[PDB]
A.B. asks: 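One structure is given below, represented as structure tokens, and several questions about it will come after.
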Protein chains: 2
Amino acid sequence: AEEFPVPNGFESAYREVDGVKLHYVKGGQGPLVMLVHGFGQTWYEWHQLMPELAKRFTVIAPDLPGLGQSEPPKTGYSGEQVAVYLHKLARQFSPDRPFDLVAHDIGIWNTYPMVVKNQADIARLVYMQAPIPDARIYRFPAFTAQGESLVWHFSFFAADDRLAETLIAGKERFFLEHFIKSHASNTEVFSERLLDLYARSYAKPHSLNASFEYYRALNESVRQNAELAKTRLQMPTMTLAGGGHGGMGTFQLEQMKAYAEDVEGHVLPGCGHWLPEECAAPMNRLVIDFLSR
Amino acid sequence: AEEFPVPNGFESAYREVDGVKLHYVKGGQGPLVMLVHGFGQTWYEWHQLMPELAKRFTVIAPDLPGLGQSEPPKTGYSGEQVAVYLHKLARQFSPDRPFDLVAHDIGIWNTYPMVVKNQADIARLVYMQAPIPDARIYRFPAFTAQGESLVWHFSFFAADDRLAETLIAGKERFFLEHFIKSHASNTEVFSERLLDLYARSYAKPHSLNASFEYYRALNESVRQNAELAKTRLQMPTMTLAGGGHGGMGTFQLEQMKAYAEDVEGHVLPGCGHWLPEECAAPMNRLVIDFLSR
Ligand SMILES: *[C@H](CC)[C@H](O)C/C=C\C/C=C\C/C=C\C/C=C\CCCC(=O)O
Ligand SMILES: *[C@H](CC)[C@H](O)C/C=C\C/C=C\C/C=C\C/C=C\CCCC(=O)O
């Protein structure tokens, strides 16, 4: 039983990290690159990049704790707690050399603490489509002159009483299609089959709850990061952001400039939030080139 | 056939206005005062203030179109379309004299245009707990350092594909309790019995949909008021806002000073959104004193 199709030459496997059984898909040879997905998705969002990267690198794509086929965390869902799991997972496979890190959406939240605290273990960093949790997220408007905003899910998912689980249960496929397409610039890349796969995966009760616990921990992650951010990142970093509807535009690079000394960014026109699927080829190309320099 | 208990000496009745049958509760004698409820509730939110006002006033409390026992509007749900219905209803009972207006929450949205277009018809005005729809609402934050903001429902309710009705159907009783209490400071007044009453009213399918149609017309209402705001209100007005969790605090009066020449404002400590219920004694006293001047 696999929730998503594994590409040729890759292996679906599990590893215990601090008592928590983590699922991942792994292939390739060479220095290690870890790819970390975001909300609504799983390791599978990288399935197009992974065979290309695996020509020059060892590639590992974990499911975040509680999501996909990984067990929920036993400590908690703030960035610092989850980052321990992802760091220790990567160390098992690259204990003698730095590794590269590519992260999308809440993968950023869940990896930034381990990067800033183990800078010598990270060779190069790619961050795409999510603010690092800090005071800036408090400025994002709740409502726009065009209709619903793109960040009101922060409060919906953070709300207590299990509000999001209760309202979305029974309607997981419907809600996820609306959520994805409303943050997408190009909706045609999400077939009905792909949406069925993602919806069945996050509809598992523990995965549905886990998805929102990351947001229930968001303010704790902001407070954690106010102390972490006294140390700027020193490794080579690239940011990617969509330039169309759902994309973060210039905010991604401009925020990262406050955290990183050596940073380059790109904004991809015609693309929204789901860069690996909406703009697979140009994103794949910029990732591979940046990590191969 | 009453969704809520009519107070002693009042009558539940209906008036056809522009093809639309509006429900209302009415009692008392003297100059007319109209009380307009907001989202999540009906005329019944006024049922404690009405017996007191009726000692000196003719009091009418209609259900907004689509909500309570009132038919949906045949024109639409923008502030200027709904305000026609309420102006016409009031003027059937007060054709020869100005009347007083008290509005709560989206009652403000649905009365402001008729007040500015017919200033000689409004003797005194009391607005509580809502922004008048304008560009200020596009700066309300999606997310706060305390947690979920109070205004993210703007985007939730406005979202297309009938997102809100689709998620909330079958869970209307659960959602109303969460929504009401999360916007309250004095939550203990929302007994299960009272929550049952309001939930069975807005859970009527055309009422659940009507509820969100007001938010789907909000951007139109914003654009309508942009023209109308070029003329400031000339009649004595009072604003009330909660000072506690769910209250709008100083925003209510500060925004109203841009719209009204003659305006006094009160912030009530320990009270959130639902002033008639959370803080009946101070609120009723404030409204009665203001209107009797
Ligand atoms: C993952 C999203 C699925 C994570 O929760 C959020 C990360 C990115 C945020 C979503 C994309 C767009 C965000 C920034 C746009 C800039 C300002 C937004 C404010 C108002 C609006 O137009 O939405
Ligand atoms: C009816 C609400 C049930 C209507 O849709 C909205 C009117 C009232 C909203 C209730 C509370 C709003 C309180 C806060 C206003 C203050 C500043 C705006 C930003 C909100 C925030 O949480 O920071």
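A note on names: the letters A, B, ... follow the listed sequences, proteins ahead of strands, and every chain is numbered from 1. Numbering of ligands and ligand atoms starts at 1, following listing order. Both backbone and side-chain heavy atoms feed into the values below; hydrogens, waters and symmetry mates do not.
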A.B. asks: Students often mix this up, so state it plainly: with edges at 30° and 60°, are the rings of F143(A) and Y138(B) parallel, tilted or perpendicular?
C.D. replies: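 Parallel: the ring planes of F143(A) and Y138(B) meet at under 30°.
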A.B. asks: Can you name the ring pair (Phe, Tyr, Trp, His ring centres under 6.0 Å) partners of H37(B), sequence neighbours left out?
C.D. replies: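 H37(B): no ring pair (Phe, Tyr, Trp, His ring centres under 6.0 Å) contacts found.
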A.B. asks: For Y202(B) together with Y198(B), are the ring centres under 6.0 Å from each other?
C.D. replies: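 No, the ring centres sit 6.0 Å or more apart.
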A.B. asks: Please tabulate protein-ligand N/O pairs under 3.5 Å for ligand 2, atom names and distances to 0.1 Å.
C.D. replies:
{"residue": "ligand 2", "atom": "5 (O)", "partner": "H153(B)", "partner atom": "NE2", "Å": "2.9"}
{"residue": "ligand 2", "atom": "5 (O)", "partner": "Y215(B)", "partner atom": "OH", "Å": "2.5"}
{"residue": "ligand 2", "atom": "22 (O)", "partner": "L150(B)", "partner atom": "N", "Å": "3.4"}

A.B. asks: On the 0 to 90° scale, with breaks at 30° and 60°, tag the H153(A)-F39(A) ring pair as parallel, tilted or perpendicular.
C.D. replies: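 Geometry flag for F39(A) against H153(A): parallel rings.
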A.B. asks: Could you tell me if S185(B) and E278(B) have a donor-acceptor pair between their side chains, going purely by distance under 3.5 Å?
C.D. replies: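 Absent: no donor and acceptor within the cut-off.
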A.B. asks: Using the side chain to side chain donor-acceptor pair (under 3.5 Å) rule, pick out the option among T111(B), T239(B), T237(B) that qualifies with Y127(B).
C.D. replies: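 Among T111(B), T239(B), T237(B), the one that satisfies the side chain to side chain donor-acceptor pair (under 3.5 Å) with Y127(B) is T111(B).
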